[PDB]
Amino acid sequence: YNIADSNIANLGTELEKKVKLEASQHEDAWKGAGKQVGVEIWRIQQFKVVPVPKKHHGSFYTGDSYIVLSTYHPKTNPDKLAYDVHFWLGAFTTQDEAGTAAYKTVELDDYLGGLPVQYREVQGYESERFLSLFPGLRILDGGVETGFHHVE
């Protein structure tokens, strides 16, 4: 099996990038994101990307999944912005929440031109980078209900 004349011949193209960039324009959560240095946080709630109020940033429900965008000035230019995007997966989050957080992390990456570096942060396995965002990580019991309907 070769790539030519196959369903993967258009992967990795400018066309793929254009299509996914356009799709990311249809998510209200990203409007105005990544415009200044700091940390922005959303939680997945029944497949939706819901902003977390600033006053609660750093507290995470163990039952839920989150997207954390860290905007910073890179070493290369003090007046430009660079990005780490962390998705945090609670020990008790459900499969719909973790999968939506993963897909929407890629989408936010697309929205910001591919510039964000992605980090998968499972509860209890958080990277030093993630820990460093809260110089104050607090884990809460509970979380919002799954968006899945359970097939009996």
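Position 1 is the first residue in the sequence shown; the rest follow in order.
Asks: Please classify the unmodelled stretch of the deposited sequence between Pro135 and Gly136: none, 1 to 3, 4 to 9, or 10 or more residues.
Replies: In the deposited sequence, 1 to 3 residues between these two have no coordinates.
Asks: Looking only at CA atoms, which has the higher mean B factor in the entry: 106 to 114 or 30 to 38?
Replies: Comparing 106 to 114 with 30 to 38, the higher average CA B-factor belongs to 30 to 38.
Asks: For the stretches 53 to 61 and 85 to 93, which has the higher mean C-alpha B-factor as given in the deposited record?
Replies: Averaged over C-alpha atoms, the B-factors run higher in 53 to 61.
Asks: Pull the Cα B-factor of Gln25 out of the PDB entry and bin it into the chain's lowest, middle or highest third.
Replies: According to the entry, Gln25 has a C-alpha B-factor in the chain's middle third.
Asks: Could you say whether, by C-alpha temperature factor, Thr146 belongs to the lowest, middle or highest third of its chain?
Replies: It belongs to the lowest third of the chain when residues are ordered by C-alpha B-factor.
Asks: Looking at the entry's B-factor column for C-alpha atoms only, identify whether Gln123 ranks in the lowest, middle or highest third of its chain.
Replies: It belongs to the middle third of the chain when residues are ordered by C-alpha B-factor.
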